Structure formats: C-alpha cells, structure tokens
Amino acid sequence: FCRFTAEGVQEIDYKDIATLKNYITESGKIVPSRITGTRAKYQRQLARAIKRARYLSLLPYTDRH
Amino acid sequence: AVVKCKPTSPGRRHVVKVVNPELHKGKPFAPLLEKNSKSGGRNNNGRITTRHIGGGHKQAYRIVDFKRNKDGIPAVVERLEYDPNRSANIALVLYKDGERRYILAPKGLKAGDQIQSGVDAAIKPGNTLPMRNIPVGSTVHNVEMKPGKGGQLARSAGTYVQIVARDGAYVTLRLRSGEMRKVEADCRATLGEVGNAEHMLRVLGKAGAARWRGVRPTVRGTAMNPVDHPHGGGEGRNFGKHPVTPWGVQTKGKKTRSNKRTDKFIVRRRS
Amino acid sequence: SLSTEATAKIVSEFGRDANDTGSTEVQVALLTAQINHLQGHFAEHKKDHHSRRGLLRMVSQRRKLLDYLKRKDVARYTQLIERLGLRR
Amino acid sequence: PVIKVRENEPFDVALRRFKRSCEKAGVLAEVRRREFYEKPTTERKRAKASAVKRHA
Amino acid sequence: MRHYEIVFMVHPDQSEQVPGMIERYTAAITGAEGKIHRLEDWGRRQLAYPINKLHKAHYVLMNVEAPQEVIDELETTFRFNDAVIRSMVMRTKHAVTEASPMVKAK
Amino acid sequence: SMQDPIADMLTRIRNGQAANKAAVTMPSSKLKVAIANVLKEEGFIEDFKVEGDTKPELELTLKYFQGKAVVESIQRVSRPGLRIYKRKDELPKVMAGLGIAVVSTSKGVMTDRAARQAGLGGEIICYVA
RNA sequence: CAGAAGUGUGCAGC
RNA sequence: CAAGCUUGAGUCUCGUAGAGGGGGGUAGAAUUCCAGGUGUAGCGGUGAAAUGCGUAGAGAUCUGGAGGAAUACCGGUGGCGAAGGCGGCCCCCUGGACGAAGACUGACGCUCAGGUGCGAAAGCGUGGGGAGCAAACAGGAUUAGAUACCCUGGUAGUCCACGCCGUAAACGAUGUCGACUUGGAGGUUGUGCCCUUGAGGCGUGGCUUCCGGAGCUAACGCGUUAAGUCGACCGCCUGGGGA
Ligand SMILES: [K+]
Ligand SMILES: [K+]
Ligand SMILES: [K+]
Ligand SMILES: [K+]
Ligand SMILES: [K+]
Ligand SMILES: [K+]
Ligand SMILES: [K+]
Ligand SMILES: [K+]
Ligand SMILES: [K+]
Ligand SMILES: [Mg+2]
Ligand SMILES: [Mg+2]
Ligand SMILES: [Mg+2]
Ligand SMILES: [Mg+2]
Ligand SMILES: [Mg+2]
Ligand SMILES: [Mg+2]
Ligand SMILES: [Mg+2]
Ligand SMILES: [Mg+2]
Ligand SMILES: [Mg+2]
Ligand SMILES: [Mg+2]
Ligand SMILES: [Mg+2]
Ligand SMILES: [Mg+2]
Ligand SMILES: [Mg+2]
Ligand SMILES: [Mg+2]
Ligand SMILES: [Mg+2]
Ligand SMILES: [Mg+2]
Ligand SMILES: [Mg+2]
C-alpha cells in the first residue's frame, strides 16, 4: 500500500530528507514503485523531489563519489 | 544583414555586401581625426618591403581609445560609426564630464547604452575591468598584454578571448587562434565580443573591389623566369621544386617562430 | 493566455452584459485580443510551430464567426470590424 | 556495493554477502547491457515482446 | 507577482557574513514591494558529496513573493557572488509560512 | 454529423430489434411521428408515444412473433445524397406486395398501396419487409 | 571458427 | 424567404495531469586527451590469431585539468502531441486536452478537388564544434575467392545556427465526422455520496491495454476504440511483367 495516500499528502517535499531516504537504495538509486507500492502520481512526485534533493547535495547521486 | 546583389552585370553577379542601418550616415567627430597618408609598402629607404600594397581610397585616422583608463565616470553611447581603418565598428561615447571618445563597438551594444570603466564596474558588455576582477570563464576582448599598455588582443570583428584559469598573479587565456597563453592579472579587458561579426560573410564581386582596398595583383612565382623567383622557368608548365618563398625559404610547413624571451608565457601552441 | 481581468474588460466592453459571454461580438473581440497578444511571441520564437497551430486555429475560428455575423446583420458586422480594425 | 567484514565474520560468509549484494544491485546486468549499442526500435521491440509474454 | 522558494548555500568560511547577505537580499525584495513569507538559516550542514572540494556548506532557505525581474536580479547576483556556491529558485504554488522539516528536526 | 435522422430512426429500429429490445427511444420529429403512425397502422410495431415539451422524445414499442422480429428488414431508399421520386405508374412493390413502401405523397405519408389507390406519386422514403 | 552446387522433359490410379 | 428554439457547435467562471512547443542556465556518472607520481612486462583483441600499443616505461593505479555528447535508477502493453515525435534539474514565453456547476450565443455545423502549412533518417548550402560512434578507405584474418560477416585504425556525418529537400514497413498495412448494438479483467486522470473510521463501500466522466458474445469475413480474425447496423463528404483500384 502507499503511505502518501494513507496520509493524504498534497505534495511530497524535497526537504523532507527523513522521508525520502526510505525510498532510495543504499546505492542511492530510486526504488521502483513495484516494490514500494507507491501510487504512480506519488511515485512521480518522489522522483522529482529526489532529483532536486540530489542537486542540493542533500542526497548522493551514487554510492561511491 | 547580408544581401546578394542581382546579376545585372558580370561584375555584380557575385557581390555579397553587409548592410548595417544603425551606422551613422554623417561625417565623423572631427576633433578625433588625423591624417594617414599611404606608404605603398615602402620603408625609409624607399624600397618595397611588403609586396602587393598600394593605391586604394583616401582615409582619415580615427583615434580609438584602447586604454579605457578614464575610470569611474559613466559614459553613454552617442552613435555607432563606420571606421575605414579596421574591420570593427566604433562607438562614439560621451562621458558625464563632457569628454567624447571612440571605442570598439562590442556585440549588441546600441545607442543610449550606458558603460563604465574601473575596478568597480558592473559585469556587462562594454565595461572594462582589471582581469583579476573578472569571473573565470568570461568572454572578453581588447585585452592588455602589459598593465597600462592598452588593448592588443582580440580587436578584429567578432573576435573574443576566454578566461580559462587564474593563478593569483596570472590568468590563462585561450586566444582566438587556439593558443593558450598566460597574462598577468592586472591587465584590463572589456566584457563581451567585438561586433560586426558578419564582416567575414561579404564577397568582393570583382577584381576592382580589391583595388579599392589597396591590394595589388599577386603574380604567381611559377609564372616567372628563373632569375626572378625560385619557381620560375620551364618549357611549359613545369614545377619540380619544393615550394619556397621568393627568398628561398621553405613554405607549406616550416615553422618560423624563434623568440626565446616570450616562450615562458605560452602554455600550448595553436593546433 | 489572456488574463481574467482582461477577459472581463473585453466582455463588459463589447457584450450587452457581464453575462453575455456567448455573443458573437464578444467572441470575436476575445479572439482578436489574443491573436494580437501572440504577435509579440511569434516575432521571436519563430520556430514554435506547435503554438502557431493554436494561433491559426484562433484565426480560422474568428473568420467563421465573422462570416456568420455578416450573414445575420451587416450593420453589426460593419460596427465590429471598424471598432476592431479587421479586414486590413 | 560495499561490504564491511565484521569481527569474527567468516570470510566465505562475507563472499556470500558480497555476491548477493552485487546481484541485487544489478551491476553485472547493467554492464552487460551497455557493451553494445541497441537501436531505439530494438529496445522498444524487446520491451513490447517481454510485456506480451507476461500473460497467464 | 509570483511565489518563489530560494535555497542558496555559502562557502563555510563566509558563514559569519551570512547575516549581511540576508539583510541585503531581504532589502532588495522588500524595497521592490516584494514580501518575505519566511526565512530559515540552517547553518553549516554536511554535504552528501564534495563540491569544489568543499564540505559543510552553510544553507539558507527563504520563501518570498516577488515580481519576476526582482528574482532574476537576485539570481544574477547569486551568479557572480563567489560566496554562494550553489543556488536554486523554484516557483511555488502558494505562500508557505510553515517552517521546514529541516528546522523542526531541531 | 447527423444529416439523415430518418435513416437514424430506421437504424435504431433495426438494431434494437436485433438486440431483442423491448422498446427504443429517439429524438422526436413530425416526420418521425408520421412514419411511426404508418408503421403502427400496418402493424409493424405495437405502439408509439411522444413525451416532453422542450426536447420531446419518441418511444417505439417493438413487436415480436414466435420469439422472432416482426420487422424482417427496414431500408432507407431516398437519402440526402440521392433523392428518389416515382410517378403513379412507377411505385415499387416490396416483396411482390407482402412488404410496404412508405411514400410521402402530396397528400401526406402513406403506403404505396394507398398511394396507388389515391392515384399519386411522391418521394419514396423507405422499404419495409 | 569454415562447409558452395545439383541440366531439359514427360504418362495411370474418376 | 421571414421569425423563433436548444439538444449540435462555440464563449465564460474554478480546478487537474502531462518527455506538448520555443529560449536561457546548470548538476552528476562515464569515455577520450594532456601534465605529474607509484610501478614492471606485457596490454589489447579473437573461435584462435595477427595488424596495433609497450622498456623511448605501456596496461594497471592516484592527483589535477580541458572539451564534446547523452541524461543510469525513476520507467510502467505509463503520459502528452494532428502526424512526424517528445525523457536529468531550474527559470521565462507559450498551445491543447479533461472534470464540476451553472450563465451566455442561437445551426454559427460536417467533409473537402485546386491551394497552403507541418513533416523521421539520410542528403545539400554557409559559418561553428568535434569526446564517443562510424559510411568511404587502409591493414590483419577467414575462404576456392571474400571488393563481405570478425579484428585494429579511420574521413564525411552524427552536435549547434539559419536555409533547402519533402521522402519511409511516414503501419493499426485500417480516411474524417455522427448515431445505434450482450459482457469481463486491468491501467491512468478528474469528480459526487456514504460512520470518511484507513490499506473503505457505491456511483459518474476522459483516454488506454487484453479476452470474448451476436454479427461480419475467403479465411485469418475484428468484436462499443468494429473489420457489426446506418448517414454525409473525400481519396483510390480494375490480370502479372514492361513501370
Ligand atoms: K583646429
Ligand atoms: K596569382
Ligand atoms: K613557362
Ligand atoms: K503548459
Ligand atoms: K489536397
Ligand atoms: K572505432
Ligand atoms: K568456401
Ligand atoms: K571524425
Ligand atoms: K497486358
Ligand atoms: Mg600579398
Ligand atoms: Mg590570390
Ligand atoms: Mg614567361
Ligand atoms: Mg634561382
Ligand atoms: Mg610539358
Ligand atoms: Mg554454378
Ligand atoms: Mg533442379
Ligand atoms: Mg497551460
Ligand atoms: Mg539529419
Ligand atoms: Mg551539414
Ligand atoms: Mg561544415
Ligand atoms: Mg569496423
Ligand atoms: Mg509514399
Ligand atoms: Mg499506407
Ligand atoms: Mg476479441
Ligand atoms: Mg464501420
Ligand atoms: Mg497490367
């Protein structure tokens, strides 16, 4: 099931790093919604938020750097 | 814009001309003109020292300000003007104290634009700063090679220099030839590119159009007799020589730079 | 696109009411307003072909509305085209 | 994929973890995918055929 | 006027100057009849990957309502201001006075 | 766009009776009411009704015999692309006279048998088997 | 990893 | 021909989703090259080789720099667009679609010869850029030969700006528009009601994937997104080659 629909989130925030770290692998790759169960609309919001957080160096692009 | 002339005669068939309506349709600012009599390529011995120079239209010299040393006073562009002495156009600018000067017109600058020189000028085209104050990666023109000597690099139409690196006392410049060169960072440069970048697109339609610019015909060495040129002679069209200059030095590949005193400033030759 | 307050201006200027947003005069006025506004766009983004297809839709719809109005009432037609400056 | 070997962890258990980790990360598959170019038409064809076979 | 969220981060050595930049930029907005709905200073925070070999950049976040030209002025001053190492302007659906999770984590 | 509402009515009849519909509903129109009246007189339908004031619907109750459609076939003949008119001496006989043709004569919509008895031609709307 | 070619033309089963 | 009407067709008000378009910035991973340190005889490639690179110090490894191109994961028989097509992130300008509730105009509509616009890739012109890849071409192999397949290199080109070209299995091999006719399982995006108790129940729109009924079809199959039952308009075919 999808956490964001159970909460009723209006928009995922790239600043909520505590949330976003649940949806990336330890290598920093975005986890597929197939695994998380996230509804597609929220999966797209996740992807955009994570990419923004990456640009701000709040999350890594890669495991290594 | 560039326009192709209609072929109403065989001399017009191939003419392509640059038309610029922003150029001033009037006489230049006379207090900044001087005489500029033609040499014909002859030195103080009266000998021809540079072939193929001579004739062409009469011209007056415009005193362009390459030093831009009038720091801290704003100037407004009065108008753009034609200059016969160079490929770039020049802008007449008026300072807040009522001084007038000519400058190289940068790309996109227009009448009524406001420009300033000095260590605290804004980063915008036509402003002039010491290169230690210019962000690395900026595009500049009219670069000084020695502090206070005036701009010598990137003066022709559409040319520019890119600041690649800074090392405290020196900056590394990529010159328009592709040479990488050090210059000391107190040298000034002007932001932007030299305008008239479409200069290179014109086509002179006819032989006479080269004569107007003061270029005389270039006789091929192979067409001469052996006494005149190393390529001369032959009972027909013969060659069989290696190509050389009129004075016997190999052309088509032999290098000729020999200037050990400046080599330290050159990071990587052109490619 | 054309903003809300500009829309209300045009509607209240050419229509009988703030209600009569369906009147042919009001529709032609709104179309002319947006066609005029977009000229400043395509003067620069010349290769924005996709937006130009919408522009041409507006143009042809205005044409059809004017042909209708000219059939119904030549007087209203004349007033409209003179006020908006249409037909060159 | 990174493994830190714990104190008193057997080395072959560390190898098991490394193997499973790098398999789960898909690194080898991604390397094999990129050694040769594939026309976009071929990518779409393979995707379509895979989807077509995913039916009971 | 449009709402924008602006995050900019500053070379750590310039941290003590952050109050100065803020006062300038907060002026530049408000002097243009813009308004600032909130400002959060996160201090030095560790980077996920090195940029310019730096670490521990000083983050600042603000939410603002302003006209376009004031915000492109602000972004073009960030461009040449060597203290600012990274910057982001994002237009926002609404004004947002609520403090970020990054502050409320404190 | 809709350009032949009579062929629309006939197609609704054909389809509804192939689907074993009990009744079919369509937009009403004077000519539709006239044609339905003729069909009811010839017994091809059980009943028809018109309902509503601003946007009147017309309902036809379809007829079945021994579990099968009473309407064997129903075919538009005059159509917008090609109008068909016949003189008195040329009125067609459908199924050698077991079916009907519907003719808009100058005296109104009627069967071809009626039109022959009256001595009239007209526009031939449709054949019904 | 390599492995090419096979002339023309016919007739019953009603 | 005149005057009506609101169901077709449009305008307005409030929101939603989206790789829709044009312009400008910018980030990270990686390839290549250049400088420098460590370090010793191989590397690379193949079915196996050789050409090639290497003691003039390669390959490997670490530090720094330059430059071009494309955006892993997300990613889905997912979305958008008339079609061709469109995929990192941010800003500016900009087109269309859809849903709820009304209000407004009052047939203003459908199709379209000629005409006009858009139109992948390759190709052409002028000026730039050039990492990787790669027609042509060179060498090594393979083979009876090998003007190929494989290997080592490599030019136009691929990228950018502004013009031209106007074709593709440009395909759903299926013209546009409108109405009617048993169902089932899913995807995606609005919206209403119900204790909203949720990871909930029931309705109502848009688009889309797969089965299958009547019917149709030479058959294969299509099957409410028809190739079923009808209407309007347009384009096209008339034995195979020649062509
Ligand atoms: K004088
Ligand atoms: K010559
Ligand atoms: K000779
Ligand atoms: K949009
Ligand atoms: K045509
Ligand atoms: K290659
Ligand atoms: K052979
Ligand atoms: K090349
Ligand atoms: K024939
Ligand atoms: Mg010469
Ligand atoms: Mg010459
Ligand atoms: Mg001679
Ligand atoms: Mg000699
Ligand atoms: Mg000879
Ligand atoms: Mg043979
Ligand atoms: Mg044989
Ligand atoms: Mg929009
Ligand atoms: Mg191309
Ligand atoms: Mg080209
Ligand atoms: Mg070229
Ligand atoms: Mg090859
Ligand atoms: Mg064709
Ligand atoms: Mg076809
Ligand atoms: Mg089926
Ligand atoms: Mg059909
Ligand atoms: Mg034939």
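Hydrogens, waters and symmetry mates are skipped; everything else that's a heavy atom, side chains included, is used. Chain letters run A, B, ... following the sequence lines, proteins first and then strands; every chain starts at 1.
- Within 6.0 Å of CZ in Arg269(B) there are more than 12 heavy atoms belonging to other residues, nucleotides or ligands.
- If you measure from atom CG of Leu55(C) to atom P of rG95(H), you get 9 Å, rounded to the nearest angstrom.
- Nucleotides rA29(H) and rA72(H) have their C1' atoms positioned 8 Å apart, rounded to a whole Å.
- The local environment of CD in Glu30(D) is crowded, with over 12 non-hydrogen atoms from other residues, nucleotides or ligands closer than 6.0 Å.
- Put simply, CD1 on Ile35(A) is 14 Å from P on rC73(H), counting in whole angstrom units.
- Counting to the nearest Å, the P atom of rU158(H) and the NZ atom of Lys39(D) are 18 Å from each other.
- Pucker assignment for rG75(H) gives south. The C1'-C2'-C3'-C4' angle has a negative sign.
- Across all strands, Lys47(C) comes closer than 4.0 Å only to sugar-phosphate atoms, never to a base (heavy-atom distances).
- Look at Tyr68(C) and you'll find a side-chain N or O under 4.0 angstrom from OP1 or OP2 of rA107(H).
- Contact annotation: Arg2(E) reaches the phosphate of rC93(H) (side-chain N/O to OP1 or OP2, under 4.0 Å).
- Counting non-hydrogen atoms under 4.0 angstrom, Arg63(C) reaches nothing in the nucleic acid.
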*Check the pair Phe48(F), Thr61(F) against side-chain contact (heavy atoms from CB on, under 4.5 Å), reporting the backbone distance first and the verdict last.*
CA-CA 6 Å; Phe48(F) 69 95; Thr61(F) 296; over 6 Å; no

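- OP1 or OP2 of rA19(H) sits under 4.0 Å from a side-chain N or O of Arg48(A).
- Counting non-hydrogen atoms under 4.0 angstrom, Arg33(D) reaches the backbone sugars and phosphates but no base.
- Within 4.0 Å of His65(A), counting heavy atoms only, lie sugar-phosphate atoms of the nucleic acid but no base atom.
- With both pairing distances under 3.5 Å, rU147(H) is matched to nothing as a Watson-Crick or G-U wobble pair.
- Here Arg174(B) lies in heavy-atom contact (under 4.0 Å) with sugar-phosphate atoms only.
- A sub-4.0 Å separation between OP1 or OP2 of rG95(H) and a side-chain N or O of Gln34(C) is present.
- If you check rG102(H) for Watson-Crick or wobble pairing at under 3.5 angstrom, you find it paired to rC12(H).
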*Stepwise, does the side-chain contact (heavy atoms from CB on, under 4.5 Å) test hold for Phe80(E) with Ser138(B)?*
CA-CA 11 Å; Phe80(E) 299 137; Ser138(B) 297; 6.0 Å; no

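- Sugar pucker of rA29(H): north, since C1'-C2'-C3'-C4' comes out positive.
- For the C1' atom pair drawn from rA27(H) and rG200(H), the interatomic distance equals 44 Å after rounding to whole Å.
- Across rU77(H) and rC210(H), the matching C1' atoms stand 9 Å from one another, rounded to whole Å.
- No engagement by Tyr37(D) is indicated, since no non-hydrogen atom pair under 4.0 Å with the nucleic acid exists.
- As rounded to the nearest Å, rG79(H) and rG20(H) have P atoms that lie 12 Å from one another.
- Here the CG atom belonging to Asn81(E) is positioned 9.0 Å from the CZ atom belonging to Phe8(E), to the nearest 0.5 angstrom.
- The nucleotide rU188(H) finds its pairing partner in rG206(H), both defining distances of the Watson-Crick or G-U wobble pair being shorter than 3.5 Å.
- Taking CD from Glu25(C) and CG from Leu65(C), the interatomic distance works out to 10.0 Å, rounded to the nearest 0.5 Å.
- Within 4.0 Å (heavy atoms only), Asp4(F) reaches sugar-phosphate atoms of the nucleic acid but no base atom.
- The gap from the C1' atom of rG23(H) to that of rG59(H) amounts to 47 Å, rounded to the nearest Å.
- Within the 4.0 Å cut-off from OP1 or OP2 of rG20(H), not a single side-chain nitrogen or oxygen of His49(C) is found.
- With a 3.5 Å ceiling on both atom-pair distances, the Watson-Crick or G-U wobble partner of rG52(H) is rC43(H).
- Contacts of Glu44(C) with the nucleic acid, taken as non-hydrogen atoms under 4.0 Å apart, are absent.
- For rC233(H), the paired base is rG175(H) (Watson-Crick or G-U wobble, both distances below 3.5 Å).
- Both cation-pi conditions hold for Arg52(C) and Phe42(C): the charged atom is under 6.0 angstrom from the six-membered ring centre and inside a 45 degree cone around its axis.
- For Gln68(E) and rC93(H), the shortest distance from a side-chain N or O to OP1 or OP2 is below 4.0 Å.
- Look at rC180(H): its Watson-Crick or wobble partner, with both distances under 3.5 angstrom, is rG228(H).
- Of the two residues near RNA chain H, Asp8(F) and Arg79(E), the one whose nearest nucleotide lies more 5' is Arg79(E).
- The aromatic rings of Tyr49(E) and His65(A) lie parallel to each other, their planes meeting at an angle below 30°, with 60° marking the opposite boundary.
- When each of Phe42(C) and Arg12(F) is assigned the nucleotide of RNA chain H with its nearest heavy atom, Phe42(C) is the one assigned upstream, toward the 5' end.
- In this structure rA214(H) sits in no base pair that meets the Watson-Crick or G-U test at under 3.5 Å.
- At the phosphate of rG79(H), neither OP1 nor OP2 sits under 4.0 Å from any side-chain N or O atom of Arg44(A).
- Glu30(D) comes within 4.0 angstrom of the backbone, heavy atoms only, and of no base.
- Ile13(F) has its CD1 atom 14 Å from the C1' atom of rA179(H), to the nearest Å.
- Residue contacts for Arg52(C): at a heavy-atom cut-off of 4.0 Å it reaches no nucleic acid atom on any strand shown.
- Within the model, atoms CZ of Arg3(A) and OG1 of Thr38(A) stand 10.0 Å from one another, a figure rounded to the nearest 0.5 Å.
- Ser1(C) comes within 4.0 angstrom of the backbone, heavy atoms only, and of no base.
- No contact: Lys4(B) has no heavy atom under 4.0 Å from any strand.
- A 3.5 Å limit on both hydrogen-bonding distances identifies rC193(H) as the Watson-Crick or G-U partner of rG201(H).
- The base of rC74(H) is paired with the side chain of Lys51(A) by a donor and an acceptor separated by under 3.5 Å.
- Atom name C1', nucleotides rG130(H) and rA82(H): the rounded distance is 37 Å, in whole Å.
- Contact annotation: side chain of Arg16(C) to base of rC104(H), donor-acceptor pair absent below 3.5 Å.
- With rounding to whole Å, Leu30(C) atom CG is found 13 Å from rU13(H) atom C1'.
- As rounded to the nearest Å, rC195(H) and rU16(H) have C1' atoms that lie 29 Å from one another.
- Set against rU105(H), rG21(H), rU77(H), the side chain of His50(C) has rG21(H) as its closest nucleotide.
- Aromatic stacking of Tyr61(A) on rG28(H): not satisfied for centres closer than 5.5 Å together with planes under 30 degrees.
- Residue contacts for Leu38(C): at a heavy-atom cut-off of 4.0 Å it reaches the sugar-phosphate backbone alone, with no base atom in range.
- Within 6.0 Å of the CZ atom in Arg34(A), the count of heavy atoms belonging to other residues, nucleotides or ligands does not exceed 12.
- If you check every strand for non-hydrogen atoms under 4.0 Å, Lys21(F) touches sugar and phosphate atoms only.
- Contact check, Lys41(A) against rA17(H): a side-chain N or O comes under 4.0 Å of OP1 or OP2.
- Distance noted for atom P between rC80(H) and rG64(H): 47 Å (whole Å).
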